[PDB]
file protein_9.cif (mmCIF, C-alpha atoms; chains and numbers go by the auth columns)
data_data
#
loop_
_atom_site.group_PDB
_atom_site.id
_atom_site.type_symbol
_atom_site.label_atom_id
_atom_site.label_comp_id
_atom_site.label_asym_id
_atom_site.label_seq_id
_atom_site.Cartn_x
_atom_site.Cartn_y
_atom_site.Cartn_z
_atom_site.B_iso_or_equiv
_atom_site.auth_seq_id
_atom_site.auth_asym_id
ATOM 1 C CA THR A 1 0.814 -116.230 18.173 0.00 1 A
ATOM 2 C CA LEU A 2 0.466 -112.447 18.413 0.00 2 A
ATOM 3 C CA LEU A 3 1.356 -112.098 14.719 0.00 3 A
ATOM 4 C CA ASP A 4 -1.348 -114.687 14.028 0.00 4 A
ATOM 5 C CA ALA A 5 -3.946 -113.167 16.363 0.00 5 A
ATOM 6 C CA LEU A 6 -3.485 -109.654 14.946 0.00 6 A
ATOM 7 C CA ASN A 7 -3.465 -110.861 11.320 0.00 7 A
ATOM 8 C CA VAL A 8 0.031 -109.579 10.564 0.00 8 A
ATOM 9 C CA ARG A 9 0.794 -109.728 6.873 0.00 9 A
ATOM 10 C CA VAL A 10 3.957 -108.858 4.901 0.00 10 A
ATOM 11 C CA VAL A 11 3.541 -108.280 1.141 0.00 11 A
ATOM 12 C CA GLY A 12 5.338 -106.556 -1.715 0.00 12 A
ATOM 13 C CA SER A 13 8.527 -106.792 -3.738 0.00 13 A
ATOM 14 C CA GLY A 14 10.499 -103.893 -2.284 0.00 14 A
ATOM 15 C CA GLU A 15 13.072 -103.818 0.496 0.00 15 A
ATOM 16 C CA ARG A 16 12.052 -100.574 2.279 0.00 16 A
ATOM 17 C CA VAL A 17 9.430 -101.250 4.927 0.00 17 A
ATOM 18 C CA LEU A 18 6.132 -99.393 4.937 0.00 18 A
ATOM 19 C CA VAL A 19 3.508 -100.124 7.522 0.00 19 A
ATOM 20 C CA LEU A 20 -0.189 -99.310 7.096 0.00 20 A
ATOM 21 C CA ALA A 21 -2.224 -99.130 10.311 0.00 21 A
ATOM 22 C CA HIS A 22 -6.001 -98.816 10.221 0.00 22 A
ATOM 23 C CA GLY A 23 -8.150 -96.792 12.595 0.00 23 A
ATOM 24 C CA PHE A 24 -11.258 -97.537 14.696 0.00 24 A
ATOM 25 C CA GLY A 25 -14.154 -99.301 12.893 0.00 25 A
ATOM 26 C CA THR A 26 -12.077 -100.813 10.113 0.00 26 A
ATOM 27 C CA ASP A 27 -9.433 -103.495 9.739 0.00 27 A
ATOM 28 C CA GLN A 28 -6.410 -103.880 7.474 0.00 28 A
ATOM 29 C CA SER A 29 -8.711 -104.404 4.441 0.00 29 A
ATOM 30 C CA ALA A 30 -9.314 -100.689 4.449 0.00 30 A
ATOM 31 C CA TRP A 31 -5.934 -100.414 2.715 0.00 31 A
ATOM 32 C CA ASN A 32 -6.914 -102.818 -0.091 0.00 32 A
ATOM 33 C CA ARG A 33 -7.252 -100.086 -2.675 0.00 33 A
ATOM 34 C CA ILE A 34 -4.071 -98.170 -1.658 0.00 34 A
ATOM 35 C CA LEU A 35 -1.910 -101.270 -1.579 0.00 35 A
ATOM 36 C CA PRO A 36 -1.329 -101.712 -5.323 0.00 36 A
ATOM 37 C CA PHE A 37 0.511 -98.379 -5.471 0.00 37 A
ATOM 38 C CA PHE A 38 3.178 -99.653 -3.066 0.00 38 A
ATOM 39 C CA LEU A 39 3.693 -103.345 -3.785 0.00 39 A
ATOM 40 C CA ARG A 40 6.616 -102.904 -6.139 0.00 40 A
ATOM 41 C CA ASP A 41 8.769 -100.379 -4.242 0.00 41 A
ATOM 42 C CA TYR A 42 8.007 -101.441 -0.657 0.00 42 A
ATOM 43 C CA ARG A 43 7.790 -104.327 1.796 0.00 43 A
ATOM 44 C CA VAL A 44 4.392 -103.529 3.153 0.00 44 A
ATOM 45 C CA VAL A 45 3.380 -104.473 6.708 0.00 45 A
ATOM 46 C CA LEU A 46 -0.265 -104.589 7.671 0.00 46 A
ATOM 47 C CA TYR A 47 -2.025 -105.635 10.832 0.00 47 A
ATOM 48 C CA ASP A 48 -5.376 -105.374 12.657 0.00 48 A
ATOM 49 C CA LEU A 49 -5.764 -103.633 15.997 0.00 49 A
ATOM 50 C CA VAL A 50 -7.148 -106.090 18.643 0.00 50 A
ATOM 51 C CA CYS A 51 -10.491 -104.259 18.444 0.00 51 A
ATOM 52 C CA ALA A 52 -10.997 -105.021 14.727 0.00 52 A
ATOM 53 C CA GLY A 53 -13.906 -107.390 14.099 0.00 53 A
ATOM 54 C CA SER A 54 -11.467 -109.530 12.140 0.00 54 A
ATOM 55 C CA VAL A 55 -9.547 -110.410 15.332 0.00 55 A
ATOM 56 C CA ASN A 56 -10.851 -113.099 17.698 0.00 56 A
ATOM 57 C CA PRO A 57 -12.688 -111.232 20.499 0.00 57 A
ATOM 58 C CA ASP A 58 -11.155 -113.620 23.030 0.00 58 A
ATOM 59 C CA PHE A 59 -7.996 -111.553 22.561 0.00 59 A
ATOM 60 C CA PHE A 60 -9.731 -108.311 23.561 0.00 60 A
ATOM 61 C CA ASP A 61 -8.948 -108.233 27.262 0.00 61 A
ATOM 62 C CA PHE A 62 -10.957 -105.433 28.928 0.00 62 A
ATOM 63 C CA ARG A 63 -8.568 -105.556 31.913 0.00 63 A
ATOM 64 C CA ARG A 64 -5.646 -104.676 29.566 0.00 64 A
ATOM 65 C CA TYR A 65 -6.802 -102.372 26.752 0.00 65 A
ATOM 66 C CA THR A 66 -7.930 -99.498 28.967 0.00 66 A
ATOM 67 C CA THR A 67 -5.548 -96.870 27.406 0.00 67 A
ATOM 68 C CA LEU A 68 -3.438 -96.645 24.266 0.00 68 A
ATOM 69 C CA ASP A 69 -0.297 -98.104 25.896 0.00 69 A
ATOM 70 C CA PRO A 70 -1.080 -101.715 25.193 0.00 70 A
ATOM 71 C CA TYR A 71 -1.954 -100.849 21.627 0.00 71 A
ATOM 72 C CA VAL A 72 1.510 -99.373 21.325 0.00 72 A
ATOM 73 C CA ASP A 73 2.923 -102.501 22.957 0.00 73 A
ATOM 74 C CA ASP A 74 1.262 -104.677 20.301 0.00 74 A
ATOM 75 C CA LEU A 75 2.606 -102.555 17.452 0.00 75 A
ATOM 76 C CA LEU A 76 6.167 -102.587 18.842 0.00 76 A
ATOM 77 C CA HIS A 77 5.990 -106.316 19.429 0.00 77 A
ATOM 78 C CA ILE A 78 4.990 -106.890 15.751 0.00 78 A
ATOM 79 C CA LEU A 79 7.856 -104.784 14.459 0.00 79 A
ATOM 80 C CA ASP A 80 10.446 -106.465 16.667 0.00 80 A
ATOM 81 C CA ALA A 81 9.154 -109.934 15.768 0.00 81 A
ATOM 82 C CA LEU A 82 9.471 -109.147 12.049 0.00 82 A
ATOM 83 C CA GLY A 83 13.036 -107.967 12.569 0.00 83 A
ATOM 84 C CA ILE A 84 12.222 -104.458 11.383 0.00 84 A
ATOM 85 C CA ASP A 85 14.909 -101.964 12.372 0.00 85 A
ATOM 86 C CA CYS A 86 13.501 -99.090 10.356 0.00 86 A
ATOM 87 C CA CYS A 87 10.296 -98.203 8.630 0.00 87 A
ATOM 88 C CA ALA A 88 7.900 -95.556 7.407 0.00 88 A
ATOM 89 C CA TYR A 89 4.552 -95.631 9.205 0.00 89 A
ATOM 90 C CA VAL A 90 1.133 -94.636 8.042 0.00 90 A
ATOM 91 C CA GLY A 91 -1.595 -94.459 10.652 0.00 91 A
ATOM 92 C CA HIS A 92 -5.217 -93.472 10.365 0.00 92 A
ATOM 93 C CA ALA A 93 -6.982 -91.732 13.235 0.00 93 A
ATOM 94 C CA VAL A 94 -6.224 -93.719 16.420 0.00 94 A
ATOM 95 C CA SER A 95 -3.313 -95.348 14.604 0.00 95 A
ATOM 96 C CA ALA A 96 -1.854 -91.942 14.016 0.00 96 A
ATOM 97 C CA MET A 97 -1.641 -91.521 17.794 0.00 97 A
ATOM 98 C CA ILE A 98 -0.398 -95.073 18.356 0.00 98 A
ATOM 99 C CA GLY A 99 2.333 -94.207 15.795 0.00 99 A
ATOM 100 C CA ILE A 100 3.209 -91.074 17.667 0.00 100 A
ATOM 101 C CA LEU A 101 3.486 -92.874 20.964 0.00 101 A
ATOM 102 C CA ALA A 102 5.527 -95.709 19.426 0.00 102 A
ATOM 103 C CA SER A 103 7.939 -93.240 17.894 0.00 103 A
ATOM 104 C CA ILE A 104 8.543 -91.677 21.287 0.00 104 A
ATOM 105 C CA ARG A 105 9.398 -95.030 22.813 0.00 105 A
ATOM 106 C CA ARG A 106 11.471 -96.226 19.830 0.00 106 A
ATOM 107 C CA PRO A 107 12.607 -93.258 17.785 0.00 107 A
ATOM 108 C CA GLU A 108 15.119 -95.430 15.950 0.00 108 A
ATOM 109 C CA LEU A 109 12.416 -97.561 14.463 0.00 109 A
ATOM 110 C CA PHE A 110 10.716 -94.802 12.391 0.00 110 A
ATOM 111 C CA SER A 111 12.181 -92.773 9.533 0.00 111 A
ATOM 112 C CA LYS A 112 8.932 -90.942 8.945 0.00 112 A
ATOM 113 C CA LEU A 113 5.328 -90.904 10.231 0.00 113 A
ATOM 114 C CA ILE A 114 2.326 -90.190 8.070 0.00 114 A
ATOM 115 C CA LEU A 115 -0.792 -89.222 9.932 0.00 115 A
ATOM 116 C CA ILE A 116 -4.208 -89.397 8.248 0.00 116 A
ATOM 117 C CA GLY A 117 -7.190 -87.863 10.067 0.00 117 A
ATOM 118 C CA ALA A 118 -5.238 -87.505 13.366 0.00 118 A
ATOM 119 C CA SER A 119 -6.288 -85.603 16.468 0.00 119 A
ATOM 120 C CA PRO A 120 -4.611 -85.352 19.875 0.00 120 A
ATOM 121 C CA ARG A 121 -7.904 -84.510 21.577 0.00 121 A
ATOM 122 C CA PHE A 122 -11.569 -84.602 20.457 0.00 122 A
ATOM 123 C CA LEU A 123 -12.966 -82.579 23.402 0.00 123 A
ATOM 124 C CA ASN A 124 -12.934 -78.803 23.411 0.00 124 A
ATOM 125 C CA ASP A 125 -11.333 -76.869 26.258 0.00 125 A
ATOM 126 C CA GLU A 126 -10.426 -73.250 27.124 0.00 126 A
ATOM 127 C CA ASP A 127 -8.070 -72.516 24.247 0.00 127 A
ATOM 128 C CA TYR A 128 -8.482 -75.682 22.153 0.00 128 A
ATOM 129 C CA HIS A 129 -11.098 -76.554 19.474 0.00 129 A
ATOM 130 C CA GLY A 130 -11.255 -80.353 19.183 0.00 130 A
ATOM 131 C CA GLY A 131 -14.682 -80.446 17.602 0.00 131 A
ATOM 132 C CA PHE A 132 -16.887 -81.944 20.328 0.00 132 A
ATOM 133 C CA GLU A 133 -18.496 -81.008 23.681 0.00 133 A
ATOM 134 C CA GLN A 134 -18.795 -83.349 26.682 0.00 134 A
ATOM 135 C CA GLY A 135 -22.616 -83.524 26.100 0.00 135 A
ATOM 136 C CA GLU A 136 -22.302 -84.560 22.432 0.00 136 A
ATOM 137 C CA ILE A 137 -19.898 -87.441 23.137 0.00 137 A
ATOM 138 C CA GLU A 138 -22.206 -88.891 25.825 0.00 138 A
ATOM 139 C CA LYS A 139 -25.192 -88.889 23.421 0.00 139 A
ATOM 140 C CA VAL A 140 -23.096 -90.916 21.028 0.00 140 A
ATOM 141 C CA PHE A 141 -22.381 -93.628 23.689 0.00 141 A
ATOM 142 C CA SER A 142 -26.082 -93.900 24.634 0.00 142 A
ATOM 143 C CA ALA A 143 -27.089 -94.152 20.944 0.00 143 A
ATOM 144 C CA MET A 144 -24.527 -96.917 20.411 0.00 144 A
ATOM 145 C CA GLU A 145 -25.605 -98.874 23.456 0.00 145 A
ATOM 146 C CA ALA A 146 -29.358 -98.400 22.930 0.00 146 A
ATOM 147 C CA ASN A 147 -29.432 -99.483 19.278 0.00 147 A
ATOM 148 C CA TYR A 148 -26.065 -100.427 17.787 0.00 148 A
ATOM 149 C CA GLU A 149 -27.334 -100.956 14.206 0.00 149 A
ATOM 150 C CA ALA A 150 -29.210 -97.623 14.080 0.00 150 A
ATOM 151 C CA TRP A 151 -26.004 -95.947 15.277 0.00 151 A
ATOM 152 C CA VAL A 152 -23.794 -97.539 12.586 0.00 152 A
ATOM 153 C CA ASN A 153 -26.307 -96.495 9.863 0.00 153 A
ATOM 154 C CA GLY A 154 -26.238 -92.853 11.005 0.00 154 A
ATOM 155 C CA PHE A 155 -22.526 -92.653 11.775 0.00 155 A
ATOM 156 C CA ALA A 156 -21.039 -94.344 8.675 0.00 156 A
ATOM 157 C CA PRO A 157 -22.362 -91.813 6.126 0.00 157 A
ATOM 158 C CA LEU A 158 -21.145 -88.967 8.346 0.00 158 A
ATOM 159 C CA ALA A 159 -17.685 -90.515 8.835 0.00 159 A
ATOM 160 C CA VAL A 160 -17.292 -90.993 5.093 0.00 160 A
ATOM 161 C CA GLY A 161 -18.750 -87.478 4.564 0.00 161 A
ATOM 162 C CA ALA A 162 -18.711 -87.414 0.769 0.00 162 A
ATOM 163 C CA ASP A 163 -21.438 -89.182 -1.176 0.00 163 A
ATOM 164 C CA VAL A 164 -19.631 -92.460 -1.929 0.00 164 A
ATOM 165 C CA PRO A 165 -22.164 -95.275 -1.237 0.00 165 A
ATOM 166 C CA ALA A 166 -19.646 -98.109 -1.804 0.00 166 A
ATOM 167 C CA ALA A 167 -17.501 -96.626 0.943 0.00 167 A
ATOM 168 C CA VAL A 168 -20.437 -96.214 3.337 0.00 168 A
ATOM 169 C CA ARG A 169 -21.234 -99.930 2.995 0.00 169 A
ATOM 170 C CA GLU A 170 -17.638 -101.025 3.420 0.00 170 A
ATOM 171 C CA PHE A 171 -17.219 -99.001 6.612 0.00 171 A
ATOM 172 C CA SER A 172 -20.659 -100.174 7.813 0.00 172 A
ATOM 173 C CA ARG A 173 -19.664 -103.823 7.506 0.00 173 A
ATOM 174 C CA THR A 174 -16.418 -103.592 9.446 0.00 174 A
ATOM 175 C CA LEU A 175 -18.277 -101.680 12.167 0.00 175 A
ATOM 176 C CA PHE A 176 -20.869 -104.457 12.106 0.00 176 A
ATOM 177 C CA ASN A 177 -18.143 -107.077 12.464 0.00 177 A
ATOM 178 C CA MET A 178 -17.141 -105.544 15.763 0.00 178 A
ATOM 179 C CA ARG A 179 -18.887 -106.837 18.863 0.00 179 A
ATOM 180 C CA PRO A 180 -21.007 -103.790 20.095 0.00 180 A
ATOM 181 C CA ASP A 181 -19.464 -104.410 23.521 0.00 181 A
ATOM 182 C CA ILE A 182 -15.945 -103.653 22.317 0.00 182 A
ATOM 183 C CA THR A 183 -16.908 -100.799 20.037 0.00 183 A
ATOM 184 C CA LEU A 184 -18.409 -99.047 23.057 0.00 184 A
ATOM 185 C CA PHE A 185 -15.374 -99.730 25.309 0.00 185 A
ATOM 186 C CA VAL A 186 -12.796 -98.715 22.680 0.00 186 A
ATOM 187 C CA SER A 187 -14.634 -95.512 21.865 0.00 187 A
ATOM 188 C CA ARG A 188 -14.602 -94.551 25.562 0.00 188 A
ATOM 189 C CA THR A 189 -10.861 -95.241 25.627 0.00 189 A
ATOM 190 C CA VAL A 190 -10.300 -92.867 22.659 0.00 190 A
ATOM 191 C CA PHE A 191 -12.803 -89.967 23.009 0.00 191 A
ATOM 192 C CA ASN A 192 -11.429 -89.499 26.498 0.00 192 A
ATOM 193 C CA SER A 193 -7.698 -89.288 25.776 0.00 193 A
ATOM 194 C CA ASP A 194 -5.538 -86.149 25.646 0.00 194 A
ATOM 195 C CA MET A 195 -2.359 -86.576 23.644 0.00 195 A
ATOM 196 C CA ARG A 196 -1.492 -82.854 23.500 0.00 196 A
ATOM 197 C CA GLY A 197 1.260 -83.097 26.148 0.00 197 A
ATOM 198 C CA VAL A 198 3.161 -85.747 24.158 0.00 198 A
ATOM 199 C CA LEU A 199 3.445 -84.004 20.770 0.00 199 A
ATOM 200 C CA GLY A 200 6.563 -82.011 21.587 0.00 200 A
ATOM 201 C CA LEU A 201 8.392 -85.205 22.420 0.00 201 A
ATOM 202 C CA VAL A 202 8.129 -86.431 18.830 0.00 202 A
ATOM 203 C CA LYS A 203 11.351 -85.927 16.901 0.00 203 A
ATOM 204 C CA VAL A 204 10.623 -87.969 13.790 0.00 204 A
ATOM 205 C CA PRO A 205 9.290 -86.050 10.756 0.00 205 A
ATOM 206 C CA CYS A 206 5.513 -86.176 10.402 0.00 206 A
ATOM 207 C CA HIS A 207 3.338 -85.586 7.378 0.00 207 A
ATOM 208 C CA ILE A 208 -0.113 -84.496 8.438 0.00 208 A
ATOM 209 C CA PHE A 209 -2.765 -85.606 5.958 0.00 209 A
ATOM 210 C CA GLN A 210 -5.919 -83.591 6.464 0.00 210 A
ATOM 211 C CA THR A 211 -9.108 -83.781 4.376 0.00 211 A
ATOM 212 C CA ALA A 212 -11.677 -81.112 3.832 0.00 212 A
ATOM 213 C CA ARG A 213 -14.815 -81.366 6.006 0.00 213 A
ATOM 214 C CA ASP A 214 -13.539 -84.174 8.252 0.00 214 A
ATOM 215 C CA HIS A 215 -16.367 -84.651 10.731 0.00 215 A
ATOM 216 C CA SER A 216 -14.105 -85.733 13.580 0.00 216 A
ATOM 217 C CA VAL A 217 -11.100 -83.437 12.891 0.00 217 A
ATOM 218 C CA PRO A 218 -11.491 -79.661 12.432 0.00 218 A
ATOM 219 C CA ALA A 219 -9.025 -77.989 10.054 0.00 219 A
ATOM 220 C CA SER A 220 -7.401 -76.193 13.013 0.00 220 A
ATOM 221 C CA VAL A 221 -6.479 -79.545 14.662 0.00 221 A
ATOM 222 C CA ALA A 222 -4.167 -80.177 11.648 0.00 222 A
ATOM 223 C CA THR A 223 -2.432 -76.866 12.160 0.00 223 A
ATOM 224 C CA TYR A 224 -2.229 -77.543 15.900 0.00 224 A
ATOM 225 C CA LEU A 225 -0.379 -80.824 15.274 0.00 225 A
ATOM 226 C CA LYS A 226 1.915 -79.096 12.780 0.00 226 A
ATOM 227 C CA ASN A 227 2.705 -76.556 15.514 0.00 227 A
ATOM 228 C CA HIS A 228 3.243 -78.988 18.372 0.00 228 A
ATOM 229 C CA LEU A 229 4.867 -82.089 16.969 0.00 229 A
ATOM 230 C CA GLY A 230 8.518 -81.690 17.891 0.00 230 A
ATOM 231 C CA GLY A 231 10.064 -82.765 14.601 0.00 231 A
ATOM 232 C CA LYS A 232 9.881 -81.523 10.998 0.00 232 A
ATOM 233 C CA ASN A 233 6.226 -81.357 9.977 0.00 233 A
ATOM 234 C CA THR A 234 4.457 -81.018 6.647 0.00 234 A
ATOM 235 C CA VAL A 235 0.687 -80.568 6.300 0.00 235 A
ATOM 236 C CA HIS A 236 -1.007 -82.103 3.257 0.00 236 A
ATOM 237 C CA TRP A 237 -4.384 -80.443 2.617 0.00 237 A
ATOM 238 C CA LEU A 238 -6.166 -83.138 0.685 0.00 238 A
ATOM 239 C CA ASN A 239 -8.685 -82.124 -1.968 0.00 239 A
ATOM 240 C CA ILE A 240 -10.942 -84.889 -0.607 0.00 240 A
ATOM 241 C CA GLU A 241 -14.017 -84.689 1.574 0.00 241 A
ATOM 242 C CA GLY A 242 -14.408 -87.032 4.606 0.00 242 A
ATOM 243 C CA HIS A 243 -12.608 -88.861 7.383 0.00 243 A
ATOM 244 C CA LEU A 244 -11.822 -92.094 5.505 0.00 244 A
ATOM 245 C CA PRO A 245 -10.079 -91.058 2.235 0.00 245 A
ATOM 246 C CA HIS A 246 -8.433 -94.436 1.889 0.00 246 A
ATOM 247 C CA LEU A 247 -11.911 -95.862 1.297 0.00 247 A
ATOM 248 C CA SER A 248 -13.479 -92.894 -0.488 0.00 248 A
ATOM 249 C CA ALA A 249 -10.720 -91.522 -2.725 0.00 249 A
ATOM 250 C CA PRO A 250 -8.009 -94.137 -2.719 0.00 250 A
ATOM 251 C CA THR A 251 -6.252 -93.192 -5.972 0.00 251 A
ATOM 252 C CA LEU A 252 -6.028 -89.549 -4.837 0.00 252 A
ATOM 253 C CA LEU A 253 -4.779 -90.540 -1.411 0.00 253 A
ATOM 254 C CA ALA A 254 -2.202 -92.979 -2.795 0.00 254 A
ATOM 255 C CA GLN A 255 -0.696 -90.319 -4.995 0.00 255 A
ATOM 256 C CA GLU A 256 -0.194 -88.091 -1.925 0.00 256 A
ATOM 257 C CA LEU A 257 1.332 -90.922 0.107 0.00 257 A
ATOM 258 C CA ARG A 258 3.730 -91.605 -2.750 0.00 258 A
ATOM 259 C CA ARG A 259 4.748 -87.942 -2.696 0.00 259 A
ATOM 260 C CA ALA A 260 5.106 -87.745 1.043 0.00 260 A
ATOM 261 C CA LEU A 261 7.272 -90.856 0.930 0.00 261 A
ATOM 262 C CA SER A 262 10.002 -89.288 -1.311 0.00 262 A
#
call {"tool": "encode", "arguments": {"input": "protein_9.cif", "output": "structure tokens"}}
result
Amino acid sequence: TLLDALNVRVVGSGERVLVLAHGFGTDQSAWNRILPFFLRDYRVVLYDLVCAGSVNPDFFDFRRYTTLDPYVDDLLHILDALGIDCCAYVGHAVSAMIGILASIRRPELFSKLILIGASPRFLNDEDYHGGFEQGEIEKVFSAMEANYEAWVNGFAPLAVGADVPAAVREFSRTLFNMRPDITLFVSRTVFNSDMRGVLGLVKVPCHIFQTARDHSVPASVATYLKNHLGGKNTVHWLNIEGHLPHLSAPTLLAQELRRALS
């Protein structure tokens, strides 16, 4: 029933497992345009985080999903249920972190992690530039709660960054699918987490995919990850603007994935 609730799907003609894990505001459909590049060499595993608008909101238990741990639990449950003993993992934003944490708990499960638009911490402090001040973040939450639609319309073009209208709409609609309720709660969960202290525990190689002008991830956060993740790290400086390259420049992003995977 968890595989059903989280919309777990296994496609492709290959034998090597590749899992694609969406970030906040989207669901697994965000990979639709990447997918074709991997169907013939891989067994591709996709799923939706509980907070995706495509998952029954009855399954979003506010007394459970207060931190990333249960998200990790869900991932690890999927992989065990599918009988996966080793895979390559691609995670966008929050799913980058979920991947990190999963790898630490089950290092045998991952051959490689690929992180797209990852950050261990959004908030600035003494010696760390995360991109956001405590004030800023709060004004986001009050904008979201006051008028959810107005917020989506102002946030989506910024998240996409580049002028790709089709992408803005697609991101808009998956944000709109989410119950405003949950979007608020999940955002709190994320903007307030500090993953910095875990990075050194990672031992699996990580490829850090970083776009130009990512509104939620400064260029230095990519370097920081490269410097702190405890395994062998490669940074991929994408010639793409925005935080959602899988929606905005899918052919370009797929080519880099293919390269990172070899």
call {"tool": "atom_distance", "arguments": {"input": "protein_9.cif", "atom1": "CA of residue 44 (chain A)", "atom2": "CA of residue 14 (chain A)"}}
result
8.2 Å
call {"tool": "residues_near_point", "arguments": {"input": "protein_9.cif", "point": "(-19.7, -101.8, 6.0)", "cutoff": "12 Å", "atoms": "all atoms listed in the file", "output": "ChimeraX atom specification"}}
result
/A:25-27,29-30,53,149,152-153,155-157,159-160,165-178,247
call {"tool": "resolve_selection", "arguments": {"input": "protein_9.cif", "expression": "the PyMOL selection byres ((chain A and resi 91-93) around 9)", "output": "PyMOL selection string"}}
result
chain A and resi 19-24+89-90+94-99+113-119+243-244
call {"tool": "atom_distance", "arguments": {"input": "protein_9.cif", "atom1": "CA of residue 17 (chain A)", "atom2": "CA of residue 261 (chain A)"}}
result
11.3 Å
call {"tool": "residues_around", "arguments": {"input": "protein_9.cif", "residues": "residue 227 (chain A)", "least_positions_apart": "5", "cutoff": "10 Å", "atoms": "only C-alpha atoms", "output": "list in words"}}
result
residues 199, 200, 221, 222, 232 and 233 of chain A
call {"tool": "resolve_selection", "arguments": {"input": "protein_9.cif", "expression": "the PyMOL selection byres ((chain A and resi 67) around 10)", "output": "list in words"}}
result
residues 64, 65, 66, 68, 69, 70, 71, 72, 186, 188, 189, 190, 192 and 193 of chain A
call {"tool": "atom_distance", "arguments": {"input": "protein_9.cif", "atom1": "CA of residue 249 (chain A)", "atom2": "CA of residue 88 (chain A)"}}
result
21.6 Å
call {"tool": "closest_residue", "arguments": {"input": "protein_9.cif", "among": "A:180, A:230, A:12, A:83", "to": "residue 36 (chain A)", "atoms": "all atoms listed in the file"}}
result
A:12
call {"tool": "closest_residue", "arguments": {"input": "protein_9.cif", "among": "A:16, A:207, A:106, A:112", "to": "residue 40 (chain A)", "atoms": "only C-alpha atoms"}}
result
A:16
call {"tool": "closest_residue", "arguments": {"input": "protein_9.cif", "among": "A:197, A:218, A:245, A:250", "to": "residue 130 (chain A)", "atoms": "only C-alpha atoms"}}
result
A:218
call {"tool": "resolve_selection", "arguments": {"input": "protein_9.cif", "expression": "the PyMOL selection byres ((chain A and resi 254-258) around 9)", "output": "list in words"}}
result
residues 33, 34, 35, 37, 38, 90, 114, 209, 236, 238, 246, 249, 250, 251, 252, 253, 259, 260, 261 and 262 of chain A
